[PDB]
Amino acid sequence: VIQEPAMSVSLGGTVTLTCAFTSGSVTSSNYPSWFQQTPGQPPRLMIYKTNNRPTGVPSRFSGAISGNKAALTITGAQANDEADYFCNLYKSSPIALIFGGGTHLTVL
Amino acid sequence: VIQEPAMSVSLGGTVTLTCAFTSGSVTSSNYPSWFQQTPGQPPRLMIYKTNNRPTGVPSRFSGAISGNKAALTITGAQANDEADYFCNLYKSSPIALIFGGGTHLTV
Amino acid sequence: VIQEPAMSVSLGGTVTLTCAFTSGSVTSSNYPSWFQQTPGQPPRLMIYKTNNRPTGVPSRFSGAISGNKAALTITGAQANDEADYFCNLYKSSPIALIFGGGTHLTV
Amino acid sequence: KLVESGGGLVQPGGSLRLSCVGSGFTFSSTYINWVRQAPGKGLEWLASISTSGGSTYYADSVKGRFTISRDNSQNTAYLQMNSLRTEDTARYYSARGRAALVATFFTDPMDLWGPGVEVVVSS
Amino acid sequence: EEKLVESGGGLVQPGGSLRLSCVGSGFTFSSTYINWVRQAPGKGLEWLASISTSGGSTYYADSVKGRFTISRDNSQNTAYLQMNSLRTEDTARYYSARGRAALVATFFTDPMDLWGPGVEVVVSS
Amino acid sequence: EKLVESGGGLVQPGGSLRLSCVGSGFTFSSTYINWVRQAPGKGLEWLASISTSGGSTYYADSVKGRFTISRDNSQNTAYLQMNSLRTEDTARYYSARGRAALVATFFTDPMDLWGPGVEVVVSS
Amino acid sequence: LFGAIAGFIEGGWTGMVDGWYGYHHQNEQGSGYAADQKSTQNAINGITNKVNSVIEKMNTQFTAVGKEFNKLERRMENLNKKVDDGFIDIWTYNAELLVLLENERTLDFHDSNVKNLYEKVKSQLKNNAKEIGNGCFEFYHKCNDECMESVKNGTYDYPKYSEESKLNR
Amino acid sequence: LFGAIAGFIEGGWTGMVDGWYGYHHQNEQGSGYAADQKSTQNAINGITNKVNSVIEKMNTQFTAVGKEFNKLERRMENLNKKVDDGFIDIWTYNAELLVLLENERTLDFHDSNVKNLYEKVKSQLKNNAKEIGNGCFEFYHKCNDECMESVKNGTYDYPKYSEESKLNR
Amino acid sequence: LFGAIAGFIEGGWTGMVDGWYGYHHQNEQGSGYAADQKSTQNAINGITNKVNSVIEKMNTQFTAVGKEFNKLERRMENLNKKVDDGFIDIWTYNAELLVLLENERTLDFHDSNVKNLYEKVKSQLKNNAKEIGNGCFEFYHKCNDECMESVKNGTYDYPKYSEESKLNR
Amino acid sequence: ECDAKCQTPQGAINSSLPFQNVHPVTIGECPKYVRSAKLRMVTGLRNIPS
Amino acid sequence: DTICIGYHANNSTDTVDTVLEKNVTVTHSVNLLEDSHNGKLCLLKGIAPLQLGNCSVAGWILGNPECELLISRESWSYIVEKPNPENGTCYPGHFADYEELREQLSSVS
């Protein structure tokens, strides 16, 4: 599972993070879940099942499948959105849950 | 809907009224209903769905479908059976309930 | 229904009894039932549905179907097992229950 | 029983509103039908309304001019007549549909009829 | 204490009639099939007739079809076997057996688990 | 709702260690329990999971054969038995509950409730 | 439950106003909606029987619920209140759950009726008709109003049109 | 509900007196009736469990229903009558509705069992037997008693009779 | 009741750890287990509604069951005992029978869901796939991951693969 | 000299059935009283003899 | 050549009521309702009742001279009386809390 190492967005802008497999396609059957972590606080669940927002999550966090790759979109990024974002993918052939590398978002 | 303008029978005889479309066949899906009306009283339901009689209707009134036509049969015509009879037939095309032209029975 | 006229067993040995049709094959659809009759007492049910033991029947009695025939097996025969044995077979073509000829066991 | 009211003399091109009131039966469990009979002609079905008033049907002759409504609280069904013509002079009846306890349909037989209301369109 | 008792047998002439009664106690009589089996003096068993729980269904063997009639009286907890046109070959001991009936189903093929002591019928001059 | 992790500390290479995870504020016998570790400077790594009754246990290939996951529903605690520890196991170990519906619990339940974590150091 | 009401037949027919279940046909002589009288009548009879069983099975005797007790008799008032509240709770729970389960069973009954009617029409037209999904059959032969009526009634003549269907298939 | 007992199978068999469900075969060696022991036994076990669930779940403690009150205790007698009448009404309604609903469910269960037996036999013999409609299949190959017993048991050998059926299909 | 859970699909899949119902596919690109999210979510919603209906339908007011009577008041002690015992008996019987019946209903619901899924996939693949039993379908044409996802979603393009399937049939 | 489980004024009931229509007033572990005239469950099939 | 699948029919006339149709004839059925009694006065819980023939509870517990033939009993499970007993309180009076005493005396260990 490959994520972009780091990307940056401006205040009030829109950024789209990406999660993808090394040798396959990301579908809704992989149940992508996104997590936000500020070192060294515990990870916080952001988006699960590609479109579900837990209570307390700001409405600006949205997800979708953008092809063979999972995508998390932040519309109107604020200063508190500067953190590390991880993607959990579910693989069924070995029955495992795989975390992504992690992407550092820099709000400018 | 076409009905025979007028017919007559003798006392105690048997009559059959018919009700047919301009172009087509009358089946049980048309739900034929027969009404008896005196000129000055509201119509009275006699046979509905070609077989059923409301409670109180004399058993001498019968209904059936014969030869692409709705038939109403009266066995033993009494003196109070002299009135106008109307057939109501249903059409799904332009959903409508259509009344016949009316027949006048003379006993 | 044909059964062996008479058979003999050594004390403590194992024997099998045979029930068969004259011109057919015996399947579980015939519902073989096995009876033991002391010479003077009413018959006693031993095996029904070709494998089932009523309560009180010793575990040494067993039944099965051997190809085209009904088989009753007694393992470790005792002196109380010397009796006549009958098989009941159900036939559907004349809708009747037919008993066997009867086999006498000597221990 | 059913009792109709609200007729009379109306100038051609005028407006009329008929009303039928039902007593002795539940008015919300049956269809309501309107028919008319010219002085020398036969019966002519005009309109029908569902039990809740959602479904409404008309004949091609009066489609676009007649509107049939319901008021179940007041146990009354209405027939509003617009752009009346001389050909609309007839006796207007109200007929309820014999409905089953579990199902009501447009093809329910018309077993109960009102005395009728005479409507005259003339100058 | 489930048991069946047979009665009504004896010495009759050829061409005569005889009626047997099977009374059952200790179990519900109106819930089991009732069968009749006879055994000749020195021969094997022979199934004769069977009657349903309500008496609606009746079955007979080929040898006694038309001469033997089996009835049932659930109120009096008794079952009957009327034999007519008796012959010398009918000299045998007559048993009554009931079928092991499940709570929910009764069938003609229910095993004959409960038997009666039996009664003796002799046909002779 | 709270998950608190215990155990951990300095362990010689090749030793053993048992990590506890006590949950409060929710019914512990109605959710999956997951173990995730984060190395000092690296990303998260899923390690193991356990069913509500403990019948089903899943492990990653990195720690298969060395780690054993257990559960004590009466005491509201879940355990992670660490064996044959190497210096590459030095990480902060979190415990994550799966958002389970009332009528069904699945292995793919989202990890909504986490814990502060415990730091495990494997060194001589 | 049977995959017909919301299964391979997604929507109902607003123009079929003469029954619950029915047919829609399209041939050269025309198209229209009709209802199956047998299935609709059986469904009506069954639902009427169910409603009457729910309603008329409640036979109640003449009774008065109110009861008055003085200040020195509260164990009396509390016992009466307990009895009344328990009866109310039992009846409320039973009525609500009965209504829910009976609604489910009625919907399943209608689904089964539609599925059985479709299966009957399928069994009549063995291979003279092609299934398009949506519950609809395309004939391999010309099907006039008499043939449609025979299909509706249950008197379809397979051997009569077998050769023409084979030619067109 | 499944269209088997009164659907494509119009009536039952009086000559099949050994079970609830079964088969009727006809070949050169003869014809006769038989019962599916597996399905019949499963149905018997289920119905016995249902009947015992209805019966044995009612556990009653020792009690006396009759009470005596003097003529100056009338509210007392009215409260006792209210209690007794309420319990009787609840039990009557529950018993009647319960019996009606289980009477529906048992017949539905039998329908399902017969339809599942038909579907199992349908799956085995694929294009090796045509459907004559009312519950029978017509073999395209010679079917002896061993083959029939294989069909009933569940061990039908389609490859063995595939070619012979193909030549006759 | 529908003959799928223990019928033509003998056993469950311990490898599908993410849904009640789903698919097992095998092609050149690989094999794996996936679950039908729509059917599983619908079943979860239905069962959640059922459980909440059974639980939250019980609304109980504030009351105290205990009552104290002296030795000169035994008719009231016994009347209170009768009330309490009758309520306990009614509630016990109703709860036991309710759970017993809705267990059957839930199992039949799952069976129907699996059967409907199987029927849907059969309808999509008219004759481009061969049934092998066991709930499985063998393809007469090469099938890649995109086509498997089309079958799972419900957008299988039958005309696209008809020629190849006919050639290989 | 008989041992029953339920007692009515006009007799005693010896059965394990859950419901009874003999008498509202009873003594002992007794089947519940109902006003129904019959309560018969189906165990077999619908009888359609040809 | 042919194999059909069917079900069982018999000459049973048993009839059941079903929620969708009434008066359905079925092959086999069971009864959940008892409508018969043995007509005897049996004994409950291992103890026979106390018979008060030509007596009332008041007369028996007061010691009516004409109601003394009753045999002394250690215990009973219930009391058997008769409608309108004749030998009760020979001397006229009012029995205070009579129903209380009747109930407390109904079962004695």
# chains A, B, ... in the order shown; residues from 1 in each chain; ligands from 1
>>> residues_around(residues="residue 31 of chain D", least_positions_apart="5", cutoff="7 Å", atoms="only C-alpha atoms", output="list in words")
residues 48, 49, 50, 51, 96 and 97 of chain D
>>> write_last_selection(atoms="N, CA and C atoms", output="mmCIF file, in the first residue's frame")
data_model
loop_
_atom_site.group_PDB
_atom_site.id
_atom_site.type_symbol
_atom_site.label_atom_id
_atom_site.label_comp_id
_atom_site.auth_asym_id
_atom_site.auth_seq_id
_atom_site.Cartn_x
_atom_site.Cartn_y
_atom_site.Cartn_z
ATOM 1 N N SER D 48 -64.758 10.189 -10.920
ATOM 2 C CA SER D 48 -64.639 9.335 -9.749
ATOM 3 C C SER D 48 -63.462 9.812 -8.915
ATOM 4 N N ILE D 49 -63.538 9.569 -7.610
ATOM 5 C CA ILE D 49 -62.492 9.973 -6.682
ATOM 6 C C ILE D 49 -62.215 8.823 -5.727
ATOM 7 N N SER D 50 -60.953 8.697 -5.327
ATOM 8 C CA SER D 50 -60.523 7.609 -4.468
ATOM 9 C C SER D 50 -60.989 7.842 -3.035
ATOM 10 N N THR D 51 -60.687 6.877 -2.163
ATOM 11 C CA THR D 51 -61.094 6.984 -0.766
ATOM 12 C C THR D 51 -60.403 8.150 -0.073
ATOM 13 N N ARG D 96 -71.926 5.547 -4.863
ATOM 14 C CA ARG D 96 -70.804 4.990 -4.073
ATOM 15 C C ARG D 96 -70.421 3.633 -4.645
ATOM 16 N N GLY D 97 -69.157 3.264 -4.534
ATOM 17 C CA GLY D 97 -68.653 1.972 -4.958
ATOM 18 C C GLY D 97 -68.647 0.988 -3.800
#
>>> interface_residues(of="chain I", to="chain F", cutoff="12 Å", atoms="only C-alpha atoms", output="ChimeraX atom specification")
/I:14-20,34-35,40-41,43-52,106
>>> calpha_fit_and_write(fixed="chain I", moving="chain H", output="PDB file with C-alpha atoms, in the first residue's frame")
ATOM      1  CA  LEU H   1     -37.242 -23.017   3.850  1.00  0.00           C
ATOM      2  CA  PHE H   2     -35.681 -21.803   0.602  1.00  0.00           C
ATOM      3  CA  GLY H   3     -32.982 -24.477   0.260  1.00  0.00           C
ATOM      4  CA  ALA H   4     -29.945 -22.180   0.176  1.00  0.00           C
ATOM      5  CA  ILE H   5     -28.076 -22.151   3.505  1.00  0.00           C
ATOM      6  CA  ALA H   6     -28.315 -25.940   3.891  1.00  0.00           C
ATOM      7  CA  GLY H   7     -29.631 -26.766   0.410  1.00  0.00           C
ATOM      8  CA  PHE H   8     -27.433 -26.549  -2.674  1.00  0.00           C
ATOM      9  CA  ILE H   9     -24.828 -24.623  -0.634  1.00  0.00           C
ATOM     10  CA  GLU H  10     -23.650 -27.043   2.045  1.00  0.00           C
ATOM     11  CA  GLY H  11     -21.475 -24.825   4.232  1.00  0.00           C
ATOM     12  CA  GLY H  12     -20.243 -21.304   4.813  1.00  0.00           C
ATOM     13  CA  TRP H  13     -16.899 -19.600   4.305  1.00  0.00           C
ATOM     14  CA  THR H  14     -14.504 -18.736   7.120  1.00  0.00           C
ATOM     15  CA  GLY H  15     -12.381 -16.620   4.768  1.00  0.00           C
ATOM     16  CA  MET H  16     -15.196 -14.149   4.056  1.00  0.00           C
ATOM     17  CA  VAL H  17     -14.996 -12.053   7.218  1.00  0.00           C
ATOM     18  CA  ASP H  18     -16.462  -8.794   5.874  1.00  0.00           C
ATOM     19  CA  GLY H  19     -20.170  -9.590   5.539  1.00  0.00           C
ATOM     20  CA  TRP H  20     -22.952 -12.136   5.806  1.00  0.00           C
ATOM     21  CA  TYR H  21     -23.358 -12.830   2.071  1.00  0.00           C
ATOM     22  CA  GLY H  22     -20.919 -12.461  -0.791  1.00  0.00           C
ATOM     23  CA  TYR H  23     -18.998 -14.012  -3.655  1.00  0.00           C
ATOM     24  CA  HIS H  24     -15.883 -16.082  -4.287  1.00  0.00           C
ATOM     25  CA  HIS H  25     -14.319 -15.671  -7.725  1.00  0.00           C
ATOM     26  CA  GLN H  26     -11.412 -17.415  -9.432  1.00  0.00           C
ATOM     27  CA  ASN H  27      -9.748 -16.178 -12.616  1.00  0.00           C
ATOM     28  CA  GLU H  28      -6.274 -15.730 -14.090  1.00  0.00           C
ATOM     29  CA  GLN H  29      -5.445 -12.653 -11.995  1.00  0.00           C
ATOM     30  CA  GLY H  30      -6.291 -14.552  -8.802  1.00  0.00           C
ATOM     31  CA  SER H  31      -8.974 -15.704  -6.373  1.00  0.00           C
ATOM     32  CA  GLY H  32     -10.539 -14.232  -3.267  1.00  0.00           C
ATOM     33  CA  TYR H  33     -13.638 -13.635  -1.188  1.00  0.00           C
ATOM     34  CA  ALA H  34     -15.928 -10.613  -1.152  1.00  0.00           C
ATOM     35  CA  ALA H  35     -19.161  -9.504   0.485  1.00  0.00           C
ATOM     36  CA  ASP H  36     -22.283  -8.079  -1.131  1.00  0.00           C
ATOM     37  CA  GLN H  37     -22.560  -4.732   0.636  1.00  0.00           C
ATOM     38  CA  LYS H  38     -26.138  -4.076  -0.502  1.00  0.00           C
ATOM     39  CA  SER H  39     -27.604  -7.376   0.707  1.00  0.00           C
ATOM     40  CA  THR H  40     -25.561  -7.439   3.913  1.00  0.00           C
ATOM     41  CA  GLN H  41     -26.530  -3.861   4.779  1.00  0.00           C
ATOM     42  CA  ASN H  42     -30.211  -4.531   4.076  1.00  0.00           C
ATOM     43  CA  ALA H  43     -30.094  -7.620   6.297  1.00  0.00           C
ATOM     44  CA  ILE H  44     -28.322  -5.673   9.051  1.00  0.00           C
ATOM     45  CA  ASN H  45     -30.921  -2.900   8.919  1.00  0.00           C
ATOM     46  CA  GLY H  46     -33.777  -5.401   9.047  1.00  0.00           C
ATOM     47  CA  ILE H  47     -32.332  -7.381  11.950  1.00  0.00           C
ATOM     48  CA  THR H  48     -31.512  -4.202  13.881  1.00  0.00           C
ATOM     49  CA  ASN H  49     -35.083  -3.008  13.372  1.00  0.00           C
ATOM     50  CA  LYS H  50     -36.432  -6.364  14.570  1.00  0.00           C
ATOM     51  CA  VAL H  51     -34.245  -6.407  17.693  1.00  0.00           C
ATOM     52  CA  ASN H  52     -35.151  -2.818  18.557  1.00  0.00           C
ATOM     53  CA  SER H  53     -38.826  -3.623  17.979  1.00  0.00           C
ATOM     54  CA  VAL H  54     -38.522  -6.467  20.481  1.00  0.00           C
ATOM     55  CA  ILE H  55     -36.649  -4.333  23.021  1.00  0.00           C
ATOM     56  CA  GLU H  56     -37.987  -0.765  22.896  1.00  0.00           C
ATOM     57  CA  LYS H  57     -41.660  -1.736  22.569  1.00  0.00           C
ATOM     58  CA  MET H  58     -41.610  -2.743  26.258  1.00  0.00           C
ATOM     59  CA  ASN H  59     -42.293   0.473  28.173  1.00  0.00           C
ATOM     60  CA  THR H  60     -42.712   0.062  31.933  1.00  0.00           C
ATOM     61  CA  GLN H  61     -44.078   2.543  34.464  1.00  0.00           C
ATOM     62  CA  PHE H  62     -42.876   3.018  38.022  1.00  0.00           C
ATOM     63  CA  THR H  63     -44.302   0.326  40.282  1.00  0.00           C
ATOM     64  CA  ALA H  64     -43.643  -1.669  43.434  1.00  0.00           C
ATOM     65  CA  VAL H  65     -44.435  -5.379  43.438  1.00  0.00           C
ATOM     66  CA  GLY H  66     -44.088  -6.179  47.154  1.00  0.00           C
ATOM     67  CA  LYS H  67     -47.074  -5.947  49.482  1.00  0.00           C
ATOM     68  CA  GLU H  68     -47.439  -6.722  53.186  1.00  0.00           C
ATOM     69  CA  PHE H  69     -50.534  -8.257  54.774  1.00  0.00           C
ATOM     70  CA  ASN H  70     -51.151  -9.195  58.389  1.00  0.00           C
ATOM     71  CA  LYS H  71     -52.064 -12.735  59.407  1.00  0.00           C
ATOM     72  CA  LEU H  72     -55.774 -11.814  59.459  1.00  0.00           C
ATOM     73  CA  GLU H  73     -55.625 -10.798  55.763  1.00  0.00           C
ATOM     74  CA  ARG H  74     -54.988 -14.055  53.902  1.00  0.00           C
ATOM     75  CA  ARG H  75     -57.416 -13.731  50.995  1.00  0.00           C
ATOM     76  CA  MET H  76     -55.592 -10.467  50.304  1.00  0.00           C
ATOM     77  CA  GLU H  77     -52.201 -12.172  50.094  1.00  0.00           C
ATOM     78  CA  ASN H  78     -53.647 -14.966  47.959  1.00  0.00           C
ATOM     79  CA  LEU H  79     -55.105 -12.440  45.507  1.00  0.00           C
ATOM     80  CA  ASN H  80     -51.762 -10.631  45.309  1.00  0.00           C
ATOM     81  CA  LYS H  81     -49.971 -13.938  44.706  1.00  0.00           C
ATOM     82  CA  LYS H  82     -52.493 -14.815  41.995  1.00  0.00           C
ATOM     83  CA  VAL H  83     -51.888 -11.491  40.239  1.00  0.00           C
ATOM     84  CA  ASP H  84     -48.096 -11.791  40.391  1.00  0.00           C
ATOM     85  CA  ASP H  85     -48.047 -15.436  39.293  1.00  0.00           C
ATOM     86  CA  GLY H  86     -50.426 -14.794  36.404  1.00  0.00           C
ATOM     87  CA  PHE H  87     -48.360 -11.894  35.106  1.00  0.00           C
ATOM     88  CA  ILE H  88     -45.142 -13.907  35.416  1.00  0.00           C
ATOM     89  CA  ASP H  89     -46.672 -16.871  33.571  1.00  0.00           C
ATOM     90  CA  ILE H  90     -48.018 -14.691  30.755  1.00  0.00           C
ATOM     91  CA  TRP H  91     -44.702 -12.900  30.287  1.00  0.00           C
ATOM     92  CA  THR H  92     -42.659 -16.120  30.407  1.00  0.00           C
ATOM     93  CA  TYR H  93     -44.826 -17.885  27.828  1.00  0.00           C
ATOM     94  CA  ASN H  94     -44.926 -14.855  25.534  1.00  0.00           C
ATOM     95  CA  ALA H  95     -41.175 -14.220  25.731  1.00  0.00           C
ATOM     96  CA  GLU H  96     -40.220 -17.843  25.083  1.00  0.00           C
ATOM     97  CA  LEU H  97     -42.599 -18.333  22.155  1.00  0.00           C
ATOM     98  CA  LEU H  98     -41.671 -14.950  20.674  1.00  0.00           C
ATOM     99  CA  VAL H  99     -37.959 -15.763  20.779  1.00  0.00           C
ATOM    100  CA  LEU H 100     -38.532 -19.172  19.179  1.00  0.00           C
ATOM    101  CA  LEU H 101     -40.647 -17.751  16.347  1.00  0.00           C
ATOM    102  CA  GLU H 102     -38.225 -14.919  15.561  1.00  0.00           C
ATOM    103  CA  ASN H 103     -35.380 -17.450  15.630  1.00  0.00           C
ATOM    104  CA  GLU H 104     -37.227 -19.316  12.873  1.00  0.00           C
ATOM    105  CA  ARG H 105     -37.916 -16.128  10.943  1.00  0.00           C
ATOM    106  CA  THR H 106     -34.364 -14.724  10.978  1.00  0.00           C
ATOM    107  CA  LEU H 107     -32.910 -17.940   9.554  1.00  0.00           C
ATOM    108  CA  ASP H 108     -35.661 -18.007   6.925  1.00  0.00           C
ATOM    109  CA  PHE H 109     -34.803 -14.389   6.055  1.00  0.00           C
ATOM    110  CA  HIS H 110     -31.126 -15.253   5.592  1.00  0.00           C
ATOM    111  CA  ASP H 111     -32.083 -18.225   3.398  1.00  0.00           C
ATOM    112  CA  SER H 112     -34.222 -15.914   1.273  1.00  0.00           C
ATOM    113  CA  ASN H 113     -31.417 -13.358   0.941  1.00  0.00           C
ATOM    114  CA  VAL H 114     -28.861 -15.942  -0.196  1.00  0.00           C
ATOM    115  CA  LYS H 115     -31.312 -17.508  -2.649  1.00  0.00           C
ATOM    116  CA  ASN H 116     -32.233 -14.101  -4.083  1.00  0.00           C
ATOM    117  CA  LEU H 117     -28.552 -13.258  -4.578  1.00  0.00           C
ATOM    118  CA  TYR H 118     -28.066 -16.572  -6.378  1.00  0.00           C
ATOM    119  CA  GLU H 119     -31.106 -15.911  -8.568  1.00  0.00           C
ATOM    120  CA  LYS H 120     -29.924 -12.393  -9.449  1.00  0.00           C
ATOM    121  CA  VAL H 121     -26.512 -13.647 -10.558  1.00  0.00           C
ATOM    122  CA  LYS H 122     -28.257 -16.492 -12.407  1.00  0.00           C
ATOM    123  CA  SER H 123     -30.462 -14.029 -14.349  1.00  0.00           C
ATOM    124  CA  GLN H 124     -27.530 -11.827 -15.477  1.00  0.00           C
ATOM    125  CA  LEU H 125     -25.209 -14.554 -16.859  1.00  0.00           C
ATOM    126  CA  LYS H 126     -27.688 -16.549 -18.916  1.00  0.00           C
ATOM    127  CA  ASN H 127     -26.059 -19.105 -21.271  1.00  0.00           C
ATOM    128  CA  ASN H 128     -22.705 -17.348 -20.750  1.00  0.00           C
ATOM    129  CA  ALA H 129     -22.003 -19.505 -17.680  1.00  0.00           C
ATOM    130  CA  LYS H 130     -22.940 -23.062 -16.760  1.00  0.00           C
ATOM    131  CA  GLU H 131     -24.065 -24.098 -13.286  1.00  0.00           C
ATOM    132  CA  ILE H 132     -21.529 -26.380 -11.597  1.00  0.00           C
ATOM    133  CA  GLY H 133     -24.093 -27.065  -8.904  1.00  0.00           C
ATOM    134  CA  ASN H 134     -22.958 -26.002  -5.441  1.00  0.00           C
ATOM    135  CA  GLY H 135     -23.496 -22.284  -5.882  1.00  0.00           C
ATOM    136  CA  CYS H 136     -20.915 -21.619  -8.613  1.00  0.00           C
ATOM    137  CA  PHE H 137     -21.131 -20.673 -12.276  1.00  0.00           C
ATOM    138  CA  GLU H 138     -18.439 -21.587 -14.812  1.00  0.00           C
ATOM    139  CA  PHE H 139     -17.940 -18.845 -17.383  1.00  0.00           C
ATOM    140  CA  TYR H 140     -17.749 -19.849 -21.039  1.00  0.00           C
ATOM    141  CA  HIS H 141     -15.604 -16.755 -21.679  1.00  0.00           C
ATOM    142  CA  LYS H 142     -12.500 -15.170 -20.210  1.00  0.00           C
ATOM    143  CA  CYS H 143     -13.600 -13.204 -17.134  1.00  0.00           C
ATOM    144  CA  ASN H 144     -11.207 -10.529 -15.881  1.00  0.00           C
ATOM    145  CA  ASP H 145     -11.501  -8.556 -12.646  1.00  0.00           C
ATOM    146  CA  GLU H 146     -13.522  -5.795 -14.323  1.00  0.00           C
ATOM    147  CA  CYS H 147     -16.068  -8.329 -15.588  1.00  0.00           C
ATOM    148  CA  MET H 148     -16.307  -9.953 -12.152  1.00  0.00           C
ATOM    149  CA  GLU H 149     -16.835  -6.547 -10.548  1.00  0.00           C
ATOM    150  CA  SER H 150     -19.566  -5.908 -13.115  1.00  0.00           C
ATOM    151  CA  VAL H 151     -21.274  -9.171 -12.131  1.00  0.00           C
ATOM    152  CA  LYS H 152     -21.120  -8.303  -8.428  1.00  0.00           C
ATOM    153  CA  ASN H 153     -22.292  -4.718  -8.974  1.00  0.00           C
ATOM    154  CA  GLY H 154     -25.159  -5.774 -11.242  1.00  0.00           C
ATOM    155  CA  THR H 155     -24.021  -4.271 -14.567  1.00  0.00           C
ATOM    156  CA  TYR H 156     -22.963  -7.405 -16.446  1.00  0.00           C
ATOM    157  CA  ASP H 157     -22.731  -6.993 -20.230  1.00  0.00           C
ATOM    158  CA  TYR H 158     -24.185 -10.156 -21.761  1.00  0.00           C
ATOM    159  CA  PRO H 159     -23.979  -8.963 -25.419  1.00  0.00           C
ATOM    160  CA  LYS H 160     -20.243  -8.300 -25.070  1.00  0.00           C
ATOM    161  CA  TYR H 161     -19.403 -11.919 -24.195  1.00  0.00           C
ATOM    162  CA  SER H 162     -22.314 -13.581 -25.993  1.00  0.00           C
ATOM    163  CA  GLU H 163     -20.393 -14.626 -29.128  1.00  0.00           C
ATOM    164  CA  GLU H 164     -17.294 -15.858 -27.290  1.00  0.00           C
ATOM    165  CA  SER H 165     -19.474 -17.940 -24.974  1.00  0.00           C
ATOM    166  CA  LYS H 166     -21.428 -19.298 -27.951  1.00  0.00           C
ATOM    167  CA  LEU H 167     -18.222 -20.489 -29.618  1.00  0.00           C
ATOM    168  CA  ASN H 168     -17.242 -22.299 -26.397  1.00  0.00           C
ATOM    169  CA  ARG H 169     -20.685 -23.570 -25.350  1.00  0.00           C
TER     170      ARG H 169
END
>>> atom_distance(atom1="atom CA of residue 3 of chain D", atom2="atom CA of residue 61 of chain D")
24.8 Å
>>> interface_residues(of="chain B", to="chain G", cutoff="12 Å", atoms="only C-alpha atoms", output="ChimeraX atom specification")
/B:23-31,49,68,90-97
>>> atom_distance(atom1="atom CA of residue 80 of chain E", atom2="atom CA of residue 13 of chain E")
20.2 Å
>>> residues_around(residues="residue 41 of chain F", least_positions_apart="4", cutoff="12 Å", atoms="only C-alpha atoms", output="PyMOL selection string")
(chain A and resi 39-40+84+101-102) or (chain F and resi 37+90-92)
>>> write_last_selection(atoms="N, CA, C and O atoms", output="tab-separated table (two decimals), in the first residue's frame")
chain	number	residue	atom	x	y	z
A	39	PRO	N	1.66	13.74	16.09
A	39	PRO	CA	2.64	13.13	17.01
A	39	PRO	C	2.73	13.91	18.32
A	39	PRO	O	2.86	15.13	18.32
A	40	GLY	N	2.64	13.19	19.43
A	40	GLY	CA	2.48	11.74	19.47
A	40	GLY	C	1.13	11.29	20.01
A	40	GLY	O	1.06	10.33	20.78
A	84	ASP	N	-0.50	14.04	10.01
A	84	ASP	CA	-0.17	12.89	9.19
A	84	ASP	C	-1.43	12.05	8.98
A	84	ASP	O	-2.14	11.74	9.94
A	101	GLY	N	1.71	4.15	4.16
A	101	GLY	CA	2.95	4.76	4.61
A	101	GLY	C	2.72	6.02	5.43
A	101	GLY	O	3.40	6.26	6.42
A	102	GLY	N	1.76	6.84	5.02
A	102	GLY	CA	1.47	8.08	5.71
A	102	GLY	C	1.86	9.27	4.87
A	102	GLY	O	2.89	9.26	4.17
F	37	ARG	N	1.12	-0.83	16.31
F	37	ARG	CA	2.32	-0.21	16.83
F	37	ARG	C	2.84	0.83	15.85
F	37	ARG	O	2.63	0.72	14.63
F	90	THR	N	10.77	-2.29	18.86
F	90	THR	CA	10.70	-1.09	19.68
F	90	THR	C	9.72	-0.11	19.05
F	90	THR	O	10.02	0.51	18.03
F	91	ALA	N	8.55	0.04	19.66
F	91	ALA	CA	7.52	0.93	19.14
F	91	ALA	C	6.53	1.24	20.25
F	91	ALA	O	6.56	0.64	21.33
F	92	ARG	N	5.64	2.19	19.97
F	92	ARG	CA	4.54	2.51	20.86
F	92	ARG	C	3.32	1.71	20.43
F	92	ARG	O	2.86	1.84	19.29
